[PDB]
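Have a look at the structure below before the remarks.
Residue numbers (the authors' numbering), protein chains in the order written: chain F, 353 to 471; chain E, 353 to 470; chain G, 2 to 284.
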């Protein structure tokens, strides 16, 4: 079903760009494993910076998982998902800590929990 | 078997202290090779001083080696071993040369060997 | 992954680990030498500091001391970096601080200039198209004063020349083998000086306005040299720490790769023996 005529042009573009950044991040894992991020070029540093936040934002809190932890679940519409990932790709939230993207749902909750913690 | 339930609390503590000292001496090898002995701090020098003596005291003169060395062998009870290593760890013999610990039995033979050398 | 691929990865990681360990030990020796070199500089700095504090205090002086009244047409930035990488965040911290500081208070490239020590900082500023006017780009591991005499002389001369009316200098300050502090210091004009005594001068004055003119540039050059020594010590410590961490990571990777290789080897032997027996008893 991932085709521009089925899901829409901007949906397709956002998905493909997310996958491209994640592939580029995967290609660097050995270098980070050995010697970290210090010897990366400026472009690759930005790639890692965006990719870690995208990877964390792909997580979500489930309704069913409320028995393992007290956090209630969330239901995210696909329009909201597309908008949030587009905003992350555009660099809007580069200043937020990467731990604020874990298990939230909508993109506004990232801002809310970053504000709740130290920022 | 190295557990205080069966070997004894004093034995266990002495063994752990010996192992810790030898591990620290093992760690210090690279910095000793690079910068030399003089660049180490005072407590590192003390650790090296204790560790070399412990390492030499772990050697022993065997009965079956007499036919080659001319030196009679020794049988050391575990109580004597524990007491000797405790005394070395406490610094009771920091002033003796390290060669006095080379191939002996009980701790008193270290004193006798040092006296014989001078 | 196949057995050949895993074995090649293991061998490559072993070679890398050996190289990193050698670099760590070399950097340790260099750090010891840099520490003793910095120690050898203390008496001269103390003497000149005492002389300047005794003489300059209590008089109007030349254009160097205080002169906060000088309006700032242009601000000079002196940045000290290394010539090689593999030093952790050593260069990145200083470069980020310099970039943020200049962007926070300068709106045009016309009103500031940069003097850079180190080709990594040189490349940084060239890639960001910034007005670099001076560089040295090649310095020994244990530099002497004569190695930077000319560049320090030019830098202090540019202040009196009227090219720019402010000096800020950025470098890593050596605290320990694990901690390096990025430092900003105001070089010229001399913002303030302390006092230990009032009449502990060496040279009884022939003329104040002549002794100051020769004393002050020497003081500025000495400050630059002291900061350079601190930066060299910081660089060597940073390399030592980074190579230690790299060696540890390589050793852990070797361990995990060896475990995976042994699992693959056992699985292989199982598969061939099972196929052999299945074919044999199929008859």
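From the three backbone atoms N, C-alpha and C, an ideal C-beta is built for every residue, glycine too.
Cβ neighbours of residue i in the same chain (closer than 6 Å, five flanking residues each side left out)
i	result
residue 376(F)	399
residue 55(G)	201 and 202
residue 182(G)	174 and 176
residue 415(F)	425
residue 265(G)	4
residue 231(G)	174 and 175
residue 112(G)	75
residue 448(F)	466
residue 110(G)	132
residue 356(F)	364
residue 135(G)	116
Outcome for residue i when other beta-carbon atoms lying within 10 angstroms are tallied against a minimum of 16
i	result
residue 390(F)	buried
residue 79(G)	buried
residue 4(G)	exposed
residue 223(G)	buried
residue 379(E)	exposed
residue 150(G)	exposed
residue 241(G)	buried
residue 260(G)	exposed
residue 444(E)	exposed
residue 13(G)	exposed
residue 156(G)	buried
residue 82(G)	buried
residue 469(F)	exposed
residue 388(E)	exposed
Simplified DSSP assignment, three categories, for residue i
i	result
residue 404(F)	helix
residue 95(G)	helix
residue 186(G)	strand
residue 170(G)	strand
residue 133(G)	strand
residue 66(G)	strand
residue 181(G)	strand
residue 455(E)	coil
residue 387(E)	helix
residue 392(E)	coil
residue 114(G)	strand
residue 77(G)	strand
residue 377(F)	helix
residue 364(F)	helix
residue 191(G)	strand
residue 427(E)	coil
residue 175(G)	strand
residue 237(G)	helix
residue 197(G)	coil
residue 142(G)	coil
residue 250(G)	helix
residue 471(F)	coil
residue 42(G)	coil
residue 472(E)	Absent from the structure is residue 472(E), since the part of chain E shown begins at 353 and ends at 470.
residue 72(G)	coil
residue 90(G)	coil
Contacts around residue i, its chain only, beta-carbon distance under 8 Å, and the 5 residues preceding and following it disregarded
i	result
residue 366(E)	434, 437, 438 and 441
residue 423(F)	413, 417 and 455
residue 192(G)	67 and 69
residue 408(F)	450, 451, 453 and 454
Contact set for residue i: own chain, Cβ-Cβ below 7 Å, skip 5 residues either direction
i	result
residue 126(G)	115, 117 and 133
residue 274(G)	none
residue 245(G)	25
residue 65(G)	189, 190, 191 and 217
residue 457(F)	412, 413, 426 and 428
residue 179(G)	242
residue 209(G)	60
_Counting beta carbon pairs with one atom in the segment 199-214 of chain G and one in the segment 171-178 of chain G, are three or more of them shorter than 8 Å?_
no
*asked:* If the cut-off is 9 Å on Cβ atoms, which residues from the segment 365-384 of chain E count as contacting chain G, listed in chain order?
replied: 382 and 383
*Could you name the residues of the segment 387-411 of chain E whose beta carbon sits closer than 8 Å to any beta carbon of chain G, in the order they occur along the chain?*
387 and 391
*Residues in the segment 232-263 of chain G with C-beta within 8 Å of chain F's C-beta atoms, listed in sequence order?*
243, 246, 247, 250, 251 and 254
*asked:* If contact is defined by three or more beta carbon pairs under 8 Å, each pair taking one atom from either stretch, is the segment 185-200 of chain G in contact with the segment 120-132 of chain G?
replied: no
*Are the segment 81-101 of chain G and the segment 37-56 of chain G in contact at 8 Å, needing three or more beta carbon pairs?*
no
*asked:* If contact is defined by three or more beta carbon pairs under 8 Å, each pair taking one atom from either stretch, is the segment 140-148 of chain G in contact with the segment 19-39 of chain G?
replied: yes
_chain E contacts from the segment 17-38 of chain G (Cβ-Cβ distance under 8 Å)_ = 26, 29, 30 and 33
*Taking 8 Å as the threshold, find out whether the segment 16-24 of chain G comes into contact with the segment 274-284 of chain G through three or more Cβ pairs.*
no
*Taking only beta carbons into account, state which residues of the segment 167-188 of chain G come closer than 9 Å to chain F, listed in chain order.*
none
*Any residues in the segment 120-142 of chain G with a beta carbon nearer than 7 Å to a beta carbon of chain F? Which ones, in chain order?*
none
*For the segment 94-118 of chain G, which residues have a CB atom closer than 9 Å to at least one CB atom of chain F, in sequence order?*
none
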